[PDB]
Structures are given as C-alpha cells and as structure tokens.
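Next up, start_32.txt (compact mmCIF, C-alpha atoms):
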```
# COMPACT_ATOMS: atom_id res chain seq x y z
CA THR A 238 117.20 82.15 120.64
CA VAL A 239 120.17 84.43 121.11
CA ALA A 240 118.23 87.50 120.34
CA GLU A 241 115.51 86.62 122.76
CA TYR A 242 118.25 86.61 125.34
CA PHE A 243 119.16 90.09 124.51
CA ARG A 244 115.72 91.24 124.16
CA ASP A 245 114.31 90.19 127.28
CA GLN A 246 117.43 89.80 129.27
CA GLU A 247 119.60 92.39 127.90
CA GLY A 248 116.50 94.41 127.21
CA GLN A 249 117.84 95.21 123.75
CA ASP A 250 116.13 96.76 120.93
CA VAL A 251 117.42 94.23 118.64
CA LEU A 252 117.90 94.85 115.06
CA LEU A 253 117.57 91.52 113.51
CA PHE A 254 118.90 91.01 110.16
CA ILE A 255 117.75 87.98 108.50
CA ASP A 256 119.03 87.22 105.11
CA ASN A 257 116.89 85.47 104.07
CA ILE A 258 114.15 83.78 105.83
CA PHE A 259 113.42 82.79 102.40
CA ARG A 260 116.25 80.50 102.55
CA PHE A 261 115.00 78.95 105.66
CA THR A 262 111.62 78.40 104.29
CA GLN A 263 113.03 77.10 101.23
CA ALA A 264 115.20 74.86 103.28
CA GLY A 265 112.11 73.56 104.92
CA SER A 266 110.50 73.06 101.64
CA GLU A 267 113.49 71.15 100.37
CA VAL A 268 113.29 68.73 103.09
CA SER A 269 109.58 68.43 102.97
CA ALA A 270 109.63 65.78 100.32
CA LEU A 271 112.43 64.01 101.92
CA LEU A 272 110.71 64.11 105.17
CA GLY A 273 108.48 61.92 103.19
CA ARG A 274 106.01 64.76 103.44
CA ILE A 275 104.17 66.36 100.73
CA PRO A 276 105.80 69.65 99.87
CA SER A 277 103.23 72.02 98.71
CA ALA A 278 101.95 73.90 95.89
CA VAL A 279 104.63 76.04 94.49
CA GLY A 280 106.73 73.29 95.79
CA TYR A 281 106.49 74.44 99.34
CA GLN A 282 106.38 72.65 102.65
CA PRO A 283 102.80 72.23 103.70
CA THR A 284 103.36 73.59 107.12
CA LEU A 285 104.74 76.76 105.87
CA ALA A 286 102.40 79.00 107.60
CA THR A 287 102.99 77.69 110.99
CA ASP A 288 106.61 77.49 110.34
CA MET A 289 106.54 81.01 109.67
CA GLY A 290 103.95 81.78 112.15
CA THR A 291 105.68 80.36 115.05
CA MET A 292 108.75 82.02 114.03
CA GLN A 293 107.38 85.35 113.27
CA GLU A 294 105.43 85.19 116.35
CA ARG A 295 108.56 83.83 117.98
CA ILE A 296 109.91 87.29 117.71
CA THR A 297 108.15 90.56 118.77
CA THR A 298 108.24 93.53 121.18
CA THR A 299 107.36 92.44 124.51
CA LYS A 300 107.55 94.75 127.32
CA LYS A 301 110.88 92.94 127.55
CA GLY A 302 112.46 94.62 124.67
CA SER A 303 111.89 94.66 121.02
CA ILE A 304 113.30 92.66 118.20
CA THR A 305 113.13 94.87 115.28
CA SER A 306 113.30 92.68 112.50
CA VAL A 307 114.82 93.50 109.36
CA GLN A 308 114.07 90.56 107.46
CA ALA A 309 115.37 90.00 104.03
CA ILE A 310 112.92 88.22 101.89
CA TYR A 311 114.13 87.10 98.63
CA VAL A 312 111.24 87.20 96.36
CA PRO A 313 111.55 84.86 93.43
CA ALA A 314 110.73 86.55 90.13
CA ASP A 315 109.62 89.18 92.54
CA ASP A 316 106.59 87.04 92.46
CA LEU A 317 104.93 87.43 95.72
CA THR A 318 101.78 85.50 95.08
CA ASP A 319 104.64 83.13 95.43
CA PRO A 320 103.12 81.78 98.50
CA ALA A 321 105.91 82.61 100.83
CA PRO A 322 105.77 86.37 100.42
CA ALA A 323 102.07 86.01 100.14
CA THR A 324 102.06 84.76 103.65
CA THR A 325 104.77 86.96 104.85
CA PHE A 326 102.80 90.02 104.67
CA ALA A 327 100.66 88.96 107.54
CA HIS A 328 103.73 88.88 109.63
CA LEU A 329 104.83 92.10 108.34
CA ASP A 330 104.32 95.29 109.85
CA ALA A 331 106.02 97.13 107.19
CA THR A 332 106.62 95.51 104.00
CA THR A 333 109.40 96.82 101.99
CA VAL A 334 109.02 95.87 98.51
CA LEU A 335 112.00 96.87 96.64
CA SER A 336 111.22 97.45 92.97
CA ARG A 337 113.63 96.08 90.53
CA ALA A 338 111.90 98.25 87.96
CA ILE A 339 112.80 101.26 89.94
CA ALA A 340 116.21 99.92 90.47
CA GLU A 341 116.23 99.67 86.72
CA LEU A 342 114.97 103.12 86.59
CA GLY A 343 118.39 103.64 88.01
CA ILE A 344 117.04 104.57 91.29
CA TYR A 345 118.95 103.84 94.40
CA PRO A 346 117.05 103.74 96.67
CA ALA A 347 115.68 101.38 94.08
CA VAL A 348 112.56 100.64 96.14
CA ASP A 349 109.03 99.79 95.12
CA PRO A 350 107.50 102.72 96.78
CA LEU A 351 103.90 101.81 96.75
CA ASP A 352 104.66 98.36 97.87
CA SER A 353 107.04 99.34 100.43
CA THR A 354 104.22 100.01 102.81
CA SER A 355 103.28 99.76 106.31
CA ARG A 356 99.59 99.24 106.81
CA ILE A 357 100.27 101.37 109.80
CA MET A 358 100.86 104.85 108.36
CA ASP A 359 98.42 107.55 109.45
CA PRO A 360 97.80 111.24 109.42
CA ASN A 361 97.68 110.74 113.07
CA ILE A 362 100.47 108.41 113.59
CA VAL A 363 102.80 109.93 111.19
CA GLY A 364 100.89 113.07 111.23
CA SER A 365 99.01 114.13 108.30
CA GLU A 366 101.77 116.12 106.89
CA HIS A 367 103.55 112.97 106.42
CA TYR A 368 100.52 110.97 105.66
CA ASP A 369 98.89 113.21 103.27
CA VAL A 370 102.04 114.04 101.49
CA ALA A 371 102.42 110.44 100.97
CA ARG A 372 98.84 109.88 99.87
CA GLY A 373 99.16 112.66 97.45
CA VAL A 374 102.39 111.29 96.26
CA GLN A 375 101.08 107.81 96.03
CA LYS A 376 98.17 109.06 94.26
CA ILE A 377 99.86 111.12 91.68
CA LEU A 378 102.35 108.59 90.84
CA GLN A 379 99.82 105.91 90.31
CA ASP A 380 97.98 108.29 88.16
CA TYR A 381 101.25 108.99 86.40
CA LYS A 382 101.27 105.37 85.51
CA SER A 383 98.01 105.93 83.93
CA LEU A 384 99.65 108.70 82.13
CA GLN A 385 102.39 106.53 80.80
CA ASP A 386 99.79 105.13 78.64
CA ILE A 387 99.12 108.51 77.20
CA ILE A 388 102.73 109.31 76.69
CA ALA A 389 103.01 106.22 74.62
CA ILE A 390 100.93 108.13 72.14
CA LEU A 391 102.00 111.61 73.01
CA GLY A 392 105.85 111.78 73.50
CA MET A 393 108.97 113.07 75.41
CA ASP A 394 107.88 116.62 75.51
CA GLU A 395 104.19 116.55 74.25
CA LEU A 396 100.91 115.94 76.27
CA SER A 397 98.07 117.85 78.13
CA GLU A 398 99.86 120.31 80.20
CA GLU A 399 98.83 120.42 83.81
CA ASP A 400 99.17 116.87 83.61
CA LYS A 401 102.53 117.59 82.05
CA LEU A 402 103.46 119.54 85.11
CA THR A 403 102.62 116.74 87.36
CA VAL A 404 104.47 114.36 85.11
CA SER A 405 107.52 116.45 85.32
CA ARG A 406 107.07 116.65 89.01
CA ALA A 407 106.81 112.94 89.18
CA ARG A 408 110.03 112.90 87.26
CA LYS A 409 111.57 115.12 89.93
CA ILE A 410 110.09 113.21 92.72
CA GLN A 411 111.57 110.10 91.47
CA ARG A 412 114.84 111.62 91.43
CA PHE A 413 114.41 113.19 94.71
CA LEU A 414 114.20 109.87 96.35
CA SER A 415 117.46 108.83 94.81
CA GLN A 416 120.07 109.00 97.49
CA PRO A 417 123.85 108.38 97.56
CA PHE A 418 125.73 105.60 99.23
CA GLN A 419 128.72 105.84 101.34
CA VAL A 420 129.26 102.16 101.03
CA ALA A 421 128.66 101.91 97.50
CA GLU A 422 131.24 103.74 95.71
CA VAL A 423 130.71 100.65 93.78
CA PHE A 424 127.05 101.28 93.00
CA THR A 425 126.86 105.08 93.64
CA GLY A 426 130.35 106.45 93.38
CA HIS A 427 128.76 109.07 95.65
CA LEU A 428 128.80 109.06 99.28
CA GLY A 429 125.72 108.71 101.36
CA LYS A 430 123.68 111.70 102.09
CA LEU A 431 121.25 111.25 104.93
CA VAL A 432 118.05 113.08 105.17
CA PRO A 433 116.69 113.75 108.56
CA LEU A 434 113.00 113.09 108.43
CA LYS A 435 111.26 116.41 108.44
CA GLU A 436 113.44 117.59 105.69
CA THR A 437 112.08 114.73 103.79
CA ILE A 438 108.40 115.33 104.42
CA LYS A 439 108.84 118.87 103.72
CA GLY A 440 111.12 117.90 100.88
CA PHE A 441 108.26 116.40 98.98
CA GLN A 442 105.71 118.73 100.48
CA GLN A 443 107.61 121.46 98.92
CA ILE A 444 107.92 119.69 95.66
CA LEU A 445 104.20 119.29 95.95
CA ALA A 446 104.25 122.94 96.54
CA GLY A 447 106.12 123.07 93.22
CA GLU A 448 108.75 125.33 94.39
CA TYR A 449 110.94 123.82 91.91
CA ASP A 450 108.83 123.97 88.95
CA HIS A 451 111.57 125.72 87.22
CA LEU A 452 114.30 123.68 88.79
CA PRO A 453 115.81 120.79 86.86
CA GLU A 454 114.30 117.48 87.23
CA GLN A 455 117.18 115.24 87.91
CA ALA A 456 118.43 118.04 90.05
CA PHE A 457 116.81 115.73 92.53
CA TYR A 458 118.68 112.54 91.70
CA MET A 459 121.04 111.04 94.33
CA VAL A 460 120.64 113.60 96.95
CA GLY A 461 120.26 113.98 100.66
CA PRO A 462 117.80 116.75 101.76
CA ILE A 463 116.02 118.94 99.17
CA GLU A 464 118.10 122.11 99.42
CA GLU A 465 121.10 120.27 98.30
CA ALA A 466 119.09 119.31 95.27
CA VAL A 467 118.41 122.94 94.65
CA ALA A 468 122.08 123.55 95.19
CA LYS A 469 122.81 120.81 92.77
CA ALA A 470 120.95 122.55 90.01
CA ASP A 471 123.32 125.43 90.30
CA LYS A 472 126.30 123.19 90.19
CA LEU A 473 125.25 122.22 86.73
CA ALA A 474 124.57 125.64 85.41
CA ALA B 1 104.09 83.90 77.56
CA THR B 2 103.39 83.59 81.11
CA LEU B 3 100.09 84.85 81.86
CA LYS B 4 101.49 88.07 83.14
CA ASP B 5 103.15 88.84 80.02
CA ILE B 6 100.06 88.17 78.22
CA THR B 7 98.16 90.38 80.56
CA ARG B 8 100.73 92.96 80.48
CA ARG B 9 100.35 93.09 76.91
CA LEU B 10 96.64 92.64 76.92
CA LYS B 11 96.39 95.23 79.57
CA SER B 12 97.76 97.71 77.39
CA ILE B 13 96.01 96.54 74.39
CA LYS B 14 92.79 96.85 75.94
CA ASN B 15 93.87 100.14 77.01
CA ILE B 16 94.78 101.09 73.72
CA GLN B 17 91.68 99.75 72.45
CA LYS B 18 90.00 102.09 74.68
CA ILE B 19 92.29 104.88 74.26
CA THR B 20 92.08 104.73 70.63
CA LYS B 21 88.52 104.12 70.73
CA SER B 22 88.18 107.01 73.02
CA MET B 23 90.22 109.06 70.77
CA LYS B 24 88.08 107.80 68.03
CA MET B 25 84.91 109.33 69.30
CA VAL B 26 86.67 112.26 70.79
CA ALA B 27 88.06 112.94 67.39
CA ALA B 28 84.76 112.08 65.85
CA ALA B 29 83.17 114.62 67.93
CA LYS B 30 85.70 117.19 67.05
CA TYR B 31 85.42 116.11 63.66
CA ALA B 32 81.74 116.26 63.89
CA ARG B 33 82.06 119.79 65.03
CA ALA B 34 84.22 120.59 62.22
CA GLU B 35 81.76 118.96 59.99
CA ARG B 36 79.16 121.39 61.14
CA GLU B 37 81.32 124.27 60.78
CA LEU B 38 81.69 123.56 57.15
CA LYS B 39 78.44 124.82 55.84
CA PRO B 40 78.70 128.68 55.38
CA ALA B 41 82.35 128.06 55.54
CA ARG B 42 82.24 125.87 52.57
CA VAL B 43 80.94 128.59 50.55
CA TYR B 44 83.15 130.94 52.35
CA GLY B 45 86.40 129.45 51.35
CA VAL B 46 85.02 128.45 48.03
CA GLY B 47 84.06 131.97 47.67
CA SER B 48 87.39 133.09 48.86
CA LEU B 49 89.19 132.05 45.79
CA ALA B 50 86.11 132.43 43.69
CA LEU B 51 87.25 135.14 41.38
CA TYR B 52 90.88 134.80 40.39
CA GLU B 53 89.11 132.41 38.25
CA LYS B 54 86.65 134.30 36.22
CA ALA B 55 88.96 137.14 35.89
```
I'd like the structure from this file rewritten - as structure tokens, please.
Amino acid sequence: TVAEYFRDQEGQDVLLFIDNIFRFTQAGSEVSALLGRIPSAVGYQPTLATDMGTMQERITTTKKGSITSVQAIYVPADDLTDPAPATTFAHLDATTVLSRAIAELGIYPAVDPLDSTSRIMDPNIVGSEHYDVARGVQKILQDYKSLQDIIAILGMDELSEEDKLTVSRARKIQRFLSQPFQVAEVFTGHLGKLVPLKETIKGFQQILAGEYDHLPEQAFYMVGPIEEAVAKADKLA
Amino acid sequence: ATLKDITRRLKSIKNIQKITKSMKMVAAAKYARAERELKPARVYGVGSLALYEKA
C-alpha cells in the first residue's frame, strides 16, 4: 500500500525488498487450519494462488511507475516443487535461484546460474552477444555436468582433452563469476568489485574466446571485471 | 532415502551402468580389434624370441 503511493503518486521506481513473501504465505498457511479451513497439500493454505496472485498482481509497472520487486523467497530444502515456489515462478519475471551447491562450491555470488533465469532473455533483447554467450555458457556447463560423470572415472587431471579444455574453462568460468563483497568482510574479506555490464559479456565472451587458456583457473575467483583477473594471475606469480 | 536421494543415486547408477556398459563394448571393440591384430602378430612375437631358445 505504501509503495503503490510512491509508485503512482511519487512516480517512483520502487525497489521492493520483500524478505520473505514466503513468510507471508506461510503465515497464511498457518492460519488456514485455524481459520477452520483446510490448509493444503504440503500443508499450504488452499487459496495460495490467489493470495499470491492478487498480491503479485497487486504490484507491477503501470505507466504510473514501477515497483521492481526484489522478492526474497525462502525455498525450503530448496525444494521448489514445494508448491509455493512452484507457483511463484508464474509471477516471476526473473527468477533468481540461488544455488546452495554453488555457494558450497564456495562461490559468492553463490547463485544457481541456470535457474537464475529470466524467461525474457534474448539475442534481441539483450542482444545476441549477451544471449548467445549465455546460451553457450549454459550449454557448456550443463554438458560439463555430463562430464562430471566421466571425471568420476577419469580423474583430477585425466580425460579426453578438448573436453578437458572446456572443463578447465568451466572451472575458470565458475571462478570468474565469483565476486567480492564490500559488505562482507565477514563472508569475503574482500571488498566488492563491480563489473559494469559489457565488461562482463565480453568477460565471458573472451573466456569463450579462450584468451586465458594459459591463465590460471582460479585467477578468476572473486573478481570484478576480467582484466583484473588477468592481473590477479600475475599477483600470484 | 527420499526419493531424490534414491534418484540421485539411481541416476548415476544408471549412468554408470551405461557408462560402463558403454565402456564395455567400446573396450570390446578395441579389444576386438586387438584380437584381430593378433594373428600374424602372434607368430611375430612368438617368432621374436623364437631362437634364444634353440641356441
């Protein structure tokens, strides 16, 4: 209700942080029983969809401003078939699925890359340089997963070699996404390094170009733009 | 375990099953090739030592 004021009235491009809608929904669900109502499967509140719907639809970009909605969604057991997230997606425009695995892979940004998506992306919209780089990236990495399966047989420095190159690249790529945090001296120690966009697209595009195919692999970890990663290799040796 | 876990497992096992199986024929083929290769060869190596023997 407040934000709608600003949006329409104050025009504002609202950034709306919600942490977490999940708790709302959950709150709804909690009551559901006690509202006498049936809850739902997965415990929910039967009305969940509208609850959401009305809400999600409550907010938008009119031609009376925009509420840009940064909505934290706790995802229990990161289980997303977990009806709530399952629904959520419809109301999402860009889905950011943060991957605990990746987090575990030490990465910060710890994201789930392939599931942090926007159905939106396009070689038009984002330009193909963007798009394509991404599709290539998305591709290779998923394929790399296929390769993990190989590696399980074949080992830390033994495979089929082109494929090895790409593996290694994937290993760089991974690292290249890793990015410091100014806030988090506590998580990073580092201080944030921001990458202005082109430098990113290029960043990977270049990696894709394999221009560092002789550069160290984790000379990509916790960086800002790609140069600095190159720089970083030197800093080692 | 929860079905996932099972699958997860399974997933791989199946994979394995393939992979190994794959590797099985792949190997078998190689192997087969090698098998072929043995005929003159057989002789050839057998031959190779074939005399520090008599003499």
Using only C-alpha atoms, find each residue in chain A having at least one atom no more than 12 Å away from chain B; report its shortest atom-to-atom pair and that distance in Å (one decimal), rows by chain then rising number, as a tab-separated table.
```
residue	atom	partner	partner_atom	distance
A:314	CA	B:4	CA	11.7
A:316	CA	B:4	CA	10.7
A:382	CA	B:12	CA	11.7
A:383	CA	B:15	CA	9.9
A:384	CA	B:19	CA	11.4
A:385	CA	B:12	CA	10.5
A:386	CA	B:12	CA	7.8
A:387	CA	B:19	CA	8.3
A:388	CA	B:19	CA	11.6
A:389	CA	B:16	CA	9.7
A:390	CA	B:19	CA	9.5
A:391	CA	B:19	CA	11.9
```
- Would you work out the distance separating atom CA of residue A:461 from atom CA of residue A:417, expressed in Å to one decimal?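 Result for atom CA of residue A:461 versus atom CA of residue A:417: 7.3 Å, one decimal.
Distance annotation: of A:445, A:342, A:270, A:432, the residue with the minimal separation from residue A:466 is A:432; atom set is only C-alpha atoms.
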- If you count all atoms listed in the file, which residues fall within 12 Å of residue A:377, apart from same-chain ones fewer than 6 positions away, as a PyMOL selection string? chain A and resi 351+369-371+383-384+400-408+410-411+445
Restricting the output to C-alpha atoms, write the selected residues as an mmCIF file, in the frame of the given file.
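Written out: part_38.cif:
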```
data_model
loop_
_atom_site.group_PDB
_atom_site.id
_atom_site.type_symbol
_atom_site.label_atom_id
_atom_site.label_comp_id
_atom_site.auth_asym_id
_atom_site.auth_seq_id
_atom_site.Cartn_x
_atom_site.Cartn_y
_atom_site.Cartn_z
ATOM 1 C CA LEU A 351 103.900 101.810 96.750
ATOM 2 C CA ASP A 369 98.890 113.210 103.270
ATOM 3 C CA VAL A 370 102.040 114.040 101.490
ATOM 4 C CA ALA A 371 102.420 110.440 100.970
ATOM 5 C CA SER A 383 98.010 105.930 83.930
ATOM 6 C CA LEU A 384 99.650 108.700 82.130
ATOM 7 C CA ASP A 400 99.170 116.870 83.610
ATOM 8 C CA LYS A 401 102.530 117.590 82.050
ATOM 9 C CA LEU A 402 103.460 119.540 85.110
ATOM 10 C CA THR A 403 102.620 116.740 87.360
ATOM 11 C CA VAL A 404 104.470 114.360 85.110
ATOM 12 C CA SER A 405 107.520 116.450 85.320
ATOM 13 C CA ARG A 406 107.070 116.650 89.010
ATOM 14 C CA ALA A 407 106.810 112.940 89.180
ATOM 15 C CA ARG A 408 110.030 112.900 87.260
ATOM 16 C CA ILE A 410 110.090 113.210 92.720
ATOM 17 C CA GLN A 411 111.570 110.100 91.470
ATOM 18 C CA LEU A 445 104.200 119.290 95.950
#
```
- So what do you get for atom CA of residue B:1 versus atom CA of residue A:263, distance-wise? 26.2 Å
- Message: Between atom CA of residue A:464 and atom CA of residue A:341, what distance in Å does the model show, to one decimal?
- Response: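 That distance, rounded to one decimal, is 25.9 Å.
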- Task: Find the residues near residue A:306: any atom within 9 Å, counting only C-alpha atoms, skip ones fewer than 5 places away on the same chain, and give them as a ChimeraX atom specification.
- Result: /A:251-255,296-297
- Query: Which one of A:439, A:430, A:244, A:295 sits closest to residue A:415 if you count all atoms listed in the file?
  - Reply: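 Closest to residue A:415 of all the choices is A:430.
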Can you spit out stretch 317-345 of chain A with N, CA and C atoms, as a PDB file, in the first residue's frame, from the structure just given?
```pdb
ATOM      1  N   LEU A 317      11.276 -26.687  -4.548  1.00  0.00           N
ATOM      2  CA  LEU A 317      10.625 -25.659  -5.276  1.00  0.00           C
ATOM      3  C   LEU A 317       9.389 -26.177  -5.903  1.00  0.00           C
ATOM      4  N   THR A 318       9.287 -27.519  -5.949  1.00  0.00           N
ATOM      5  CA  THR A 318       8.099 -28.213  -6.348  1.00  0.00           C
ATOM      6  C   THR A 318       7.151 -28.076  -5.223  1.00  0.00           C
ATOM      7  N   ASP A 319       7.777 -27.749  -4.056  1.00  0.00           N
ATOM      8  CA  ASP A 319       7.310 -27.063  -2.892  1.00  0.00           C
ATOM      9  C   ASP A 319       6.427 -26.017  -3.463  1.00  0.00           C
ATOM     10  N   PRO A 320       5.157 -26.208  -3.306  1.00  0.00           N
ATOM     11  CA  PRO A 320       4.176 -25.567  -4.125  1.00  0.00           C
ATOM     12  C   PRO A 320       4.375 -24.130  -4.298  1.00  0.00           C
ATOM     13  N   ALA A 321       4.785 -23.464  -3.217  1.00  0.00           N
ATOM     14  CA  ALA A 321       4.902 -22.045  -3.165  1.00  0.00           C
ATOM     15  C   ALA A 321       5.834 -21.624  -4.243  1.00  0.00           C
ATOM     16  N   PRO A 322       7.091 -21.942  -4.288  1.00  0.00           N
ATOM     17  CA  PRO A 322       7.945 -21.565  -5.368  1.00  0.00           C
ATOM     18  C   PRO A 322       7.420 -22.032  -6.649  1.00  0.00           C
ATOM     19  N   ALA A 323       6.747 -23.188  -6.668  1.00  0.00           N
ATOM     20  CA  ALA A 323       6.239 -23.726  -7.877  1.00  0.00           C
ATOM     21  C   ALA A 323       5.315 -22.738  -8.500  1.00  0.00           C
ATOM     22  N   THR A 324       4.470 -22.132  -7.702  1.00  0.00           N
ATOM     23  CA  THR A 324       3.614 -21.093  -8.146  1.00  0.00           C
ATOM     24  C   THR A 324       4.304 -19.865  -8.575  1.00  0.00           C
ATOM     25  N   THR A 325       5.297 -19.512  -7.771  1.00  0.00           N
ATOM     26  CA  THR A 325       5.897 -18.224  -7.737  1.00  0.00           C
ATOM     27  C   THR A 325       6.384 -17.801  -9.019  1.00  0.00           C
ATOM     28  N   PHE A 326       6.894 -18.782  -9.717  1.00  0.00           N
ATOM     29  CA  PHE A 326       7.522 -18.639 -10.966  1.00  0.00           C
ATOM     30  C   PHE A 326       6.679 -17.935 -11.938  1.00  0.00           C
ATOM     31  N   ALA A 327       5.370 -18.226 -11.926  1.00  0.00           N
ATOM     32  CA  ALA A 327       4.449 -17.555 -12.792  1.00  0.00           C
ATOM     33  C   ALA A 327       4.473 -16.081 -12.614  1.00  0.00           C
ATOM     34  N   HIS A 328       4.655 -15.670 -11.369  1.00  0.00           N
ATOM     35  CA  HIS A 328       4.698 -14.300 -11.014  1.00  0.00           C
ATOM     36  C   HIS A 328       6.014 -13.728 -11.118  1.00  0.00           C
ATOM     37  N   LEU A 329       6.945 -14.509 -11.628  1.00  0.00           N
ATOM     38  CA  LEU A 329       8.268 -14.069 -11.700  1.00  0.00           C
ATOM     39  C   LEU A 329       8.464 -13.807 -13.077  1.00  0.00           C
ATOM     40  N   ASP A 330       9.516 -13.038 -13.220  1.00  0.00           N
ATOM     41  CA  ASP A 330       9.810 -12.309 -14.385  1.00  0.00           C
ATOM     42  C   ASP A 330      11.238 -12.603 -14.587  1.00  0.00           C
ATOM     43  N   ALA A 331      11.876 -12.874 -13.472  1.00  0.00           N
ATOM     44  CA  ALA A 331      13.201 -13.252 -13.423  1.00  0.00           C
ATOM     45  C   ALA A 331      13.109 -13.890 -12.128  1.00  0.00           C
ATOM     46  N   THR A 332      13.789 -15.004 -12.085  1.00  0.00           N
ATOM     47  CA  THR A 332      13.708 -15.994 -11.104  1.00  0.00           C
ATOM     48  C   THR A 332      15.135 -15.921 -10.788  1.00  0.00           C
ATOM     49  N   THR A 333      15.483 -15.889  -9.523  1.00  0.00           N
ATOM     50  CA  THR A 333      16.843 -15.989  -9.193  1.00  0.00           C
ATOM     51  C   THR A 333      16.865 -17.125  -8.321  1.00  0.00           C
ATOM     52  N   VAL A 334      17.494 -18.186  -8.759  1.00  0.00           N
ATOM     53  CA  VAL A 334      17.582 -19.305  -7.933  1.00  0.00           C
ATOM     54  C   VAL A 334      18.961 -19.263  -7.576  1.00  0.00           C
ATOM     55  N   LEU A 335      19.184 -19.158  -6.271  1.00  0.00           N
ATOM     56  CA  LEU A 335      20.496 -19.155  -5.729  1.00  0.00           C
ATOM     57  C   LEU A 335      20.785 -20.587  -5.430  1.00  0.00           C
ATOM     58  N   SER A 336      22.008 -21.079  -5.729  1.00  0.00           N
ATOM     59  CA  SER A 336      22.339 -22.467  -5.604  1.00  0.00           C
ATOM     60  C   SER A 336      23.198 -22.565  -4.425  1.00  0.00           C
ATOM     61  N   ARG A 337      22.695 -23.299  -3.444  1.00  0.00           N
ATOM     62  CA  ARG A 337      23.444 -23.630  -2.282  1.00  0.00           C
ATOM     63  C   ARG A 337      24.620 -24.446  -2.688  1.00  0.00           C
ATOM     64  N   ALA A 338      24.499 -25.361  -3.665  1.00  0.00           N
ATOM     65  CA  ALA A 338      25.607 -26.124  -4.129  1.00  0.00           C
ATOM     66  C   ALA A 338      26.754 -25.331  -4.546  1.00  0.00           C
ATOM     67  N   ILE A 339      26.481 -24.271  -5.262  1.00  0.00           N
ATOM     68  CA  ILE A 339      27.385 -23.309  -5.786  1.00  0.00           C
ATOM     69  C   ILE A 339      27.932 -22.524  -4.689  1.00  0.00           C
ATOM     70  N   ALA A 340      27.081 -22.140  -3.743  1.00  0.00           N
ATOM     71  CA  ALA A 340      27.541 -21.493  -2.562  1.00  0.00           C
ATOM     72  C   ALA A 340      28.564 -22.338  -1.915  1.00  0.00           C
ATOM     73  N   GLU A 341      28.279 -23.642  -1.836  1.00  0.00           N
ATOM     74  CA  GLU A 341      29.115 -24.670  -1.328  1.00  0.00           C
ATOM     75  C   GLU A 341      30.296 -24.850  -2.133  1.00  0.00           C
ATOM     76  N   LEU A 342      30.192 -24.564  -3.425  1.00  0.00           N
ATOM     77  CA  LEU A 342      31.322 -24.590  -4.273  1.00  0.00           C
ATOM     78  C   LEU A 342      32.179 -23.427  -4.002  1.00  0.00           C
ATOM     79  N   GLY A 343      31.772 -22.629  -3.011  1.00  0.00           N
ATOM     80  CA  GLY A 343      32.499 -21.584  -2.388  1.00  0.00           C
ATOM     81  C   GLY A 343      32.189 -20.335  -3.070  1.00  0.00           C
ATOM     82  N   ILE A 344      31.276 -20.398  -4.035  1.00  0.00           N
ATOM     83  CA  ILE A 344      31.104 -19.296  -4.902  1.00  0.00           C
ATOM     84  C   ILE A 344      30.238 -18.333  -4.219  1.00  0.00           C
ATOM     85  N   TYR A 345      30.545 -17.054  -4.452  1.00  0.00           N
ATOM     86  CA  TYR A 345      29.884 -15.918  -3.913  1.00  0.00           C
ATOM     87  C   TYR A 345      30.217 -14.938  -4.970  1.00  0.00           C
TER      88      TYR A 345
END
```
